[PDB]
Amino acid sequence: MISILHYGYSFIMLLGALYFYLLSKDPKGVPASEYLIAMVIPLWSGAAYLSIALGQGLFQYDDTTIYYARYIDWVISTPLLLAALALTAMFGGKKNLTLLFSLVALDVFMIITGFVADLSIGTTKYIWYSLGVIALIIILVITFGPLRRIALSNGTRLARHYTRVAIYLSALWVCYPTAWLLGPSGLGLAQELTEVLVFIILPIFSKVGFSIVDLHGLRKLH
């Protein structure tokens, strides 16, 4: 079942990528870079999840299964999602690349701490986990503070679309660390099959759903 679910994920990711490629042919004022980012995210995620389906993207550490291919996915897909969010705030204005790369740096660190926490035992696990949550909070502060102020400087219609996408992404993103802590990597209150289903469903809303909402809004401003 675990294998079949991952094949299904990969096929959905492929269809998402094709959809964004079709939209790119009639761009409606959205620069090509934002279509390219929307295509890379699901293609990369699809390839990582395919490695899990084929039994390669996981190993047995102590008496637990580490799905290490999820970290390979997120270290590329999550910074690209933050870049898409930042470019949405900056649509029709000057780019602030310093703020964009600040988000990328926080995000890569967050994903690495999660990988190290998964390989850790005892208190050390929760030190790494905690550093990642701090990174996520600073990301949320930037998202609803300075980045939202840039979106307001680009006008009411853009600011409203930005706010909608920021809330959408922020809602997903708090679920990941929560699921991690409850599942076998953390306190073990939730079963492996439950965690697998969450980390199949959530990524569909994050790696394809976010880009549908984000690009449709920007296209409607044309």
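Numbers for residues come from their place in the sequence shown, where the first is 1.
Modelling of residue 63 is missing from a third or more of the other compared entries in which both of its neighbours are modelled. Stretches 60-68 and 192-200 differ in mean C-alpha B factor, with the higher average recorded for 60-68. Across 75, 105, 135, 119, the greatest Cα temperature factor reported in the deposited entry is at 119.
Across 39, 159, 52, 179, the greatest Cα temperature factor reported in the deposited entry is at 52. Placement of the Cα temperature factor of residue 88 within the chain: lowest third of the modelled residues, per the deposited record.
The deposited CA B-factor of residue 24 belongs to the highest third of values across its chain. The deposited CA B-factor of residue 109 belongs to the lowest third of values across its chain. Placement of the Cα temperature factor of residue 175 within the chain: middle third of the modelled residues, per the deposited record.
In the deposited entry, the Cα temperature factor of residue 115 sits in the top third of values across the chain's modelled residues.
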